[PDB]
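No Cβ is skipped: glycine too gets one built from the backbone with ideal geometry, and neighbour counts run over all protein chains shown. None of the figures in this text is laboratory data; all of them are computed from the coordinates on show.
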Amino acid sequence: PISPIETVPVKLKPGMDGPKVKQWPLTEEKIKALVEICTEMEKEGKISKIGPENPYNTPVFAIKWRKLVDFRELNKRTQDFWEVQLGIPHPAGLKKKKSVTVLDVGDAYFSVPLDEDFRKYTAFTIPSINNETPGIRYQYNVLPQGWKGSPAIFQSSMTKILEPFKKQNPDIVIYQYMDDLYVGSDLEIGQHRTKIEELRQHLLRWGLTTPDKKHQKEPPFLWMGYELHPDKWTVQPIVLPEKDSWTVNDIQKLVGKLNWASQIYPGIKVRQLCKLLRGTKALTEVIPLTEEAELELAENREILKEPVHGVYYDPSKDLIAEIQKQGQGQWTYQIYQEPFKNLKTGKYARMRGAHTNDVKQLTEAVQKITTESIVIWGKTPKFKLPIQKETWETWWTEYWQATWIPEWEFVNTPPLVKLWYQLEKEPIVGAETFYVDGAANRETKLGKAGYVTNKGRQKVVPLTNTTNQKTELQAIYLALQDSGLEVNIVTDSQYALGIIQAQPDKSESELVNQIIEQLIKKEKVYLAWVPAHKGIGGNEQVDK
Amino acid sequence: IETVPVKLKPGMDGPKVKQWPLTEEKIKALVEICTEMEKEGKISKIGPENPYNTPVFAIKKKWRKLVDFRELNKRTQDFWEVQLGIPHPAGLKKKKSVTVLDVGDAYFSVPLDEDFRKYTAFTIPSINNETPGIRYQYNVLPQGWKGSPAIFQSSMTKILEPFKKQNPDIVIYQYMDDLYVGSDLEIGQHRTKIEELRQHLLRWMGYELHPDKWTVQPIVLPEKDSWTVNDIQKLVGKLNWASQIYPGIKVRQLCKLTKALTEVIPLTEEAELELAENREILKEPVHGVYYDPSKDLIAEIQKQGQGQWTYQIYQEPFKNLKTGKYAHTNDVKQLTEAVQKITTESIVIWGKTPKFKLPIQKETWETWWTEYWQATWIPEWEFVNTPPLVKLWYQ
Ligand SMILES: O=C1c2ccccc2C(=O)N1CCOC(=S)Nc1ccc(I)cc1
């Protein structure tokens, strides 16, 4: 049918006019297909024979028999609409329903009225057996298939018309996705089916027809890669058949499928499989599966052995989020309300920063979970972290950046997060003082990294092909080597001070990683800063 | 009735900013708000033919709707600033007492240029995107739009005309939604003039500010009385940085005083002559720094630990127009308050808000900033990696 819903005022962009592109004559048959089709549509009221001469026109053609109008031109000249793509519910955010049904709308776009003042713009011509006679002119009376306002105006229409029934049945839940309606409820089958015919009948009063008893309804639903039961949810079934050869293409898809599953499958690992992709990779090259990964694939297969489903959300219960340190850079977490009955699973493994330490990462994870929990449940979870509340406040307090975790509490699931060393806050007494510095020719791309002492010593390992910065972490490094378990170092490089002064415990820099391990063996280290080329006792001597 | 033609800067297009996810509790409070507002004709539902959006939040101060017109404002500046800009009196900052009155709730009288309403569109989201999301537009002067006071000046001036005349020594300044009214009257007297003013407003105390009593945050040097290499090293360290501000600082004599770090050493009689004068400077105002009304204001904040926070305001890196400090509290809660305080003072002083550089993670700030916010404006902000020594040189 055609809904009587009032239309949406459509307009062309600021100073642009209707489109006017000419028709690439078609073939005998395609012409015949177009005529049959239009005639029917024409009978349905979906279109109208346009008289005089609408100077406007958009190409039309047939594909095998169906008709496709080319709408680019009209599109580009058409206004912008409120985005229909803002987000899609996560299943773990859904409340539990007793009965679910899915009615699909037939001929949606075609069942919704286009704005009459705009109809004139959608004019097209079915050619004559070869550019001889004018041709049958047609404009649209309803949302055309390829048009840009159709998805928007439709979604707005379906809502306005769905509003009254919702209001007379607030206890009921209805979700619109494209050409479908998911209806859920806590009514018992018998009474639920009544409630649906009541909907279909309300929906027919508004021009929208639905499946009689064909209701695709009746769970295991497939929506956006999910499988949906009224009581539980899980990700769509995924297989990983045997293979002795893996192409970039293959392991691409595998990584993707793994990542998607890790949404409800606890302990999904893809770190080792991600490496194999490192480097400029042709999609068809076979990549030998390394050892660290060899096992990872089957241990993945293992946890995917028996299916797993997540539960739904109970608005009258706190959320519990707990996180697990898993390998280096990798983090994992679960979210539940009743111990170990998960709502959703997830992991976090990134960097974005050059230098970092577990305590920072843990906080980032909590942060990501915090905003994920907001968008989904509209409230914040209670945390359980593998960090002593003390070891958190220390860092919390001393650090120069602000932070604020929601309510949390300690949980002893090793490995535990901790600082791997603590720089002295005051100069060490009776321990070698090391005035260190670096240099480098910006042209020769080489430099000298050295140091001098309050005890006469002196060095200078020459370095080849290093920037002006390395020869500063190199120096500090050199000093942490020739010194005893207890020391204090003087730099003129704030670059190095900042790095080391934030208690890194891991970095994407082989030099920094060395300085790290070294810092962990000492029993006292003090790093002070003094201005460069300011001839300060000690620094100057090493500058020479 | 009579609408003031509002035109978006020639060329520029409406704002199209996405709505931030909100908590269930705030969402609920927004609908109840937005239900009353349309019931009394202040806002209207809109359709998909409107591709515009501005974010909304809920604050307490009893919930209150708060729209973030940061973007709309940046795209209409010509209107509110060079078209109908309000002049800022230098006297305000000099008065003993300044009271901040919330007068926003009066823009709802004047209607907005129909042709301009579609740019004021906002969205009330829904938990987990289970429902489309309720769309609105204003059909009257919105509270957070710099255009409102601009348009609302004729009414404002008429309202004040009498009060001013009877009180020609009272400075009244308007900046978005707020009136700043200061005087040199004694405590109680001032408060009586405010109440006597509130009544004028009616026919169409609260926030005690004391600007006149604001002074520089002097960079201080340790007093000590023994001094060590490390000590003197740090001592010159900040004296170096200070060199880049406060023309005259001389670290030469100090810097002329290999050697262990923990080795105590007695300064030179000539030494005191240095940090003495250097001390006399730093306490005195900077020489050569002037506010430039055409340049935007920057503000850096550093975390001093112990609920302490230092801050500087400048238009050019290192040349400071002003520096100061600020004392269930958390990092983000204290920082939010700091940002609010610094901004009030900026407005009182220059009639504009500074652009903030925040020592925090973008997501962390974005997640929580709303929780403790109370002002009805929102300054521009950026996120930075607090330089280790910069924090120390302002301790
Ligand atoms: O019915 C849906 C539905 C189906 C698929 C995807 C998203 C969706 C939705 O938001 N809604 C509305 C809310 O549904 C709620 S609260 N609970 C449900 C709905 C459907 C099912 I199967 C299980 C649980």
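Some points to look at:
- Anchor B:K118: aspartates and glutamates whose Cα lies under 16 Å away (excluding residues fewer than 8 positions away in-chain): A:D80, A:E83, B:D13, B:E38, B:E49, B:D68, B:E71
- For segment A:22-61, alpha-carbon Rg over 2.2 N^0.38 Å: 1.27
- Per-residue mean of foreign Cβ neighbours for A:454-462 is 1 (Cβ atoms of other chains, 10 Å radius).
- Antiparallel content of DSSP bridges confined to segment A:413-499, in %, to 5: 80 percent
- Rg [Å, one decimal], Dmax [Å, integer] - segment A:220-313, C-alpha atoms: 14.8, 46
- Scattering curve values for segment A:421-544, log₁₀ I(q)/I(0), Debye with Cα scatterers, q = 0.13, 0.16, 0.22 Å⁻¹: -0.46, -0.72, -1.39
- Its alpha carbons considered, segment A:348-472 gives a radius of gyration followed by a Dmax of 21.6, 65 Å.
- What the Cβ-Cβ distance of A:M16 and A:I37 gives, at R0 = 30 Å and to the nearest 0.05, is a FRET efficiency of 0.50.
- The order of the peptides A:145-158, B:33-46 by mean Cβ neighbours within 10 Å, most packed first, is A:145-158, B:33-46.
- Here is how the number arises for the protein assembly as shown: DSSP H runs of 4 or more residues each give -39500 (n - 2.57), the sum is divided by the residue count, and the result at 222 nm is -9500 deg cm²/dmol.
- Gain on full stretching of the segment that runs from A:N75 to A:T444 - 0.36 nm per residue minus C-alpha separation: 127.0 nm
- Separation of alpha-carbon centers, segment B:269-314 and segment B:41-60, rounded to whole Å: 44 Å
- Rounded to the nearest angstrom and listed largest first, the equivalent-ellipsoid semi-axes of segment B:102-221 from its Cα gyration tensor are 35, 23, 13.
- Per-residue Cβ neighbour counts within 10 Å put A:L181, A:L446 in the sequence A:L446, A:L181, beginning with the fewest.
- Inter-chain neighbour count for A:364-370: the average number of beta-carbon atoms from partner chains within 10 Å of each residue's beta-carbon is 2.
- When each of A:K13/B:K26; A:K120/B:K45; A:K347/A:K389 is checked by Cα-Cα distance, pairs over 25 Å: A:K13/B:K26; A:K120/B:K45
- Using a cut-off of 23 Å between Cα atoms, the listed pairs B:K283/B:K325; B:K295/B:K341; A:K95/B:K42; A:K425/B:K234 include A:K95/B:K42 as exceeding that distance.
- Peptide packing: for B:48-56, B:75-83, the average count of neighbouring Cβ atoms within 10 Å per residue gives the ranking B:48-56, B:75-83, highest mean first.
- Over chain A: Rg over Rh, Cα atoms, Kirkwood Rh: 1.13
- Normalising by residue count, the protein assembly as shown has a Cα convex hull of 242 Å³ per residue.
- Compactness of segment A:491-544 - radius of gyration and Dmax, Cα, Å: 12.9, 34
- Cα pair count fraction exceeding 24 Å, expressed as % - segment A:314-420: 21 percent
- Measuring against 26 Å, Cα to Cα, the residue pairs B:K61/B:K357; B:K39/B:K62; A:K459/B:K250 contain A:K459/B:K250 as the ones spanning a longer distance.
- Amide H contacts of A:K524 (H built 1.01 Å from N, under 5 Å, at least 5 apart or other chain): A:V487
- Using the Stokes-Einstein relation with a Kirkwood hydrodynamic radius computed over Cα pairs, the translational diffusion coefficient of chain B at 25 °C and a viscosity of 0.890 mPa s comes to 102 µm²/s.
- For segment A:182-215, trypsin sites (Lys or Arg not before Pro) are listed when DSSP marks them as loop and at most 10 other Cβ atoms sit within 10 Å of their Cβ; the list is A:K213, A:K214.
- Pair B:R198, A:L277: separation of 7 Å Cα→Cβ label points (nm): 6.3 nm
- Nonlocal amide H pairs with A:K459, under 5 Å, H built at 1.01 Å: A:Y451
- FRET efficiency, 1/(1 + (r/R0)^6) with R0 41 Å, evaluated for B:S155 and A:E163 via beta carbons: 0.60
- Debye intensity ratio in log₁₀ form over the Cα atoms of segment B:279-395, taken at each q of 0.10, 0.12, 0.17, 0.18 Å⁻¹: -0.30, -0.43, -0.87, -0.98
- Whole-number D in µm²/s for segment B:73-129 (Stokes-Einstein; Kirkwood sum over Cα pairs; 25 °C, 0.890 mPa s): 156 µm²/s
- Approximate spin-label separation A:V460-B:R191, in nm, with each point projected 7 Å along Cα-to-Cβ: 7.4 nm
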